[PDB]
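Contents: one structure, followed by commentary.
In listed order, ligands and their atoms are each counted from 1. Throughout, numbering of the chain's residues begins at 1 and tracks the sequence. Values reported hereafter were calculated over all heavy atoms of this structure, with side chains retained and with hydrogens, waters and symmetry mates removed.
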Amino acid sequence: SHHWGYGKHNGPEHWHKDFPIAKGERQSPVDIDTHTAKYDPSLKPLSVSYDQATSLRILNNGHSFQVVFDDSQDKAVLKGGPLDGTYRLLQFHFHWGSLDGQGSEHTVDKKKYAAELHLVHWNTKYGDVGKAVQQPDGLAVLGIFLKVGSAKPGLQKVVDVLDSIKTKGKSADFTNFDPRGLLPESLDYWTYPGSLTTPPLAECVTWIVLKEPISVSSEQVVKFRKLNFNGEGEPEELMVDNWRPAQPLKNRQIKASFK
Ligand SMILES: [Zn+2]
């Protein structure tokens, strides 16, 4: 135990000691009970504007890998849906399992998906992400489920560089990556107020979870599972099962954009 992770001695059941908000009133992820979520005709269609996105780097950050974007202008922005104002894309990352029957953070009628993609955006009215994480409407995370079947062609560029970032601290140039290639057809979604799913567990996120999963191939997710939690020179621990389980809903309402 010590610095946080996903292991027996430092995983999700330990996080509350360093981050007491772990037991807070609006923690994430949650189970999405599809029959209880209420269709809200007042919600808007989600506006996902990624045409001008500028990817920078790909990084193994010890807990996942992330692709980072230039967020110094309104290039790649999320608006509409449940959101007021404009949210800039900062990065995306994934959570995944050791086997295909677990890996997602959100669940749908208790179903776990093989993985979950998070595209993290911050509200421009707070000026920078560090300020945004201190606000209840600071961040919008677009969550997308992954199931195993056919390959996702738009993911392959990511998959093919993972061998260059095997261990914690490694990064690589990752320019000209188009995150539109990671999106499903439909933008139908569920939304609720929640939190970051990792330390610091800040209660600053409007969650937007797409109903339609993307399909990835077994070869694609196998390459995720070859990443290491450990740094180079340390005992090899596969980066798998880097997901937080569902947390209590606590009288929050999950709303559906669709009937
Ligand atoms: Zn995440």
Side-chain angles (χ1 to χ4, degrees), residues 3-7 10-15 18-19 21-22 24 26-32 48 55 57-69 71 76 78 87-98 102-108 112-123 129-130 132-133 138-147 152 155 158 162 165 171 174 177 179 182-184 189-210 213-214 216 220-221 224-225 227 229 239-247 254:
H3 186 274
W4 72 268
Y6 292 94
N10 65 2
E13 304 309 315
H14 293 268
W15 294 350
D18 271 347
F19 303 95
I21 202 169
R26 57 172 282 183
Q27 290 288 293
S28 295
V30 298
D31 182 57
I32 300 166
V48 184
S55 64
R57 306 284 294 171
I58 191 169
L59 169 66
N60 177 334
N61 63 39
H63 311 291
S64 180
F65 72 89
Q66 67 182 80
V67 172
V68 296
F69 289 79
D71 62 344
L78 188 66
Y87 291 69
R88 287 189 188 156
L89 180 63
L90 171 64
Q91 59 122 282
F92 67 78
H93 63 269
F94 299 82
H95 305 266
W96 63 91
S98 50
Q102 63 187 214
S104 70
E105 300 210 298
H106 295 89
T107 56
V108 178
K112 296 172 172 163
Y113 288 89
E116 189 171 328
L117 166 60
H118 290 162
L119 295 120
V120 180
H121 313 74
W122 56 272
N123 192 330
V129 68
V133 296
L139 270 63
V141 183
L142 180 58
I144 302 178
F145 296 121
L146 280 59
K147 65 181 190 182
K152 189 65 171 169
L155 183 60
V158 170
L162 295 181
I165 59 154
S171 70
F174 201 68
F177 180 79
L182 298 174
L183 305 176
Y189 65 88
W190 297 284
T191 185
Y192 73 99
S195 76
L196 300 172
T197 70
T198 60
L201 302 167
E203 288 182 338
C204 61
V205 179
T206 303
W207 276 95
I208 302 167
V209 176
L210 299 189
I214 62 167
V216 303
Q220 291 179 318
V221 74
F224 288 12
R225 297 182 184 140
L227 291 166
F229 284 129
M239 183 181 280
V240 292
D241 296 318
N242 56 348
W243 52 274
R244 189 188 193 191
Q247 301 301 306
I254 305 182

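Protein atoms that are N, O or S and lie under 2.8 Å from the Zn ion (ligand 1) are these: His93 NE2, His95 NE2, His118 ND1.
In this model, no donor atom of one side chain and acceptor atom of the other lie less than 3.5 Å apart for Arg244 and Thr197. Looking only at atom types and distance, the side chain of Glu105 has a donor-acceptor partner in the side chain of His95 under 3.5 Å away.
When the side chain to side chain donor-acceptor pair (under 3.5 Å) test is applied to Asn123, the partners found at least two apart in sequence or on another chain are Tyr87. A search for side chain to side chain contact (heavy atoms under 4.5 Å, CB included) contacts involving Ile21 returns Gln27, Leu201, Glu203, not counting sequence neighbours. Partners of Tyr113 under the ring-ring contact (aromatic ring centres under 6.0 Å, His included) rule, at least two apart in sequence or in another chain, are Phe145.
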- [ ] Would you check, one step at a time, whether the test side-chain hydrogen bond (donor to acceptor under 3.5 Å, both in side chains) holds for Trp207 with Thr191?
- [x] CA-CA 5 Å; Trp207 276 95; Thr191 185; over 6 Å; no
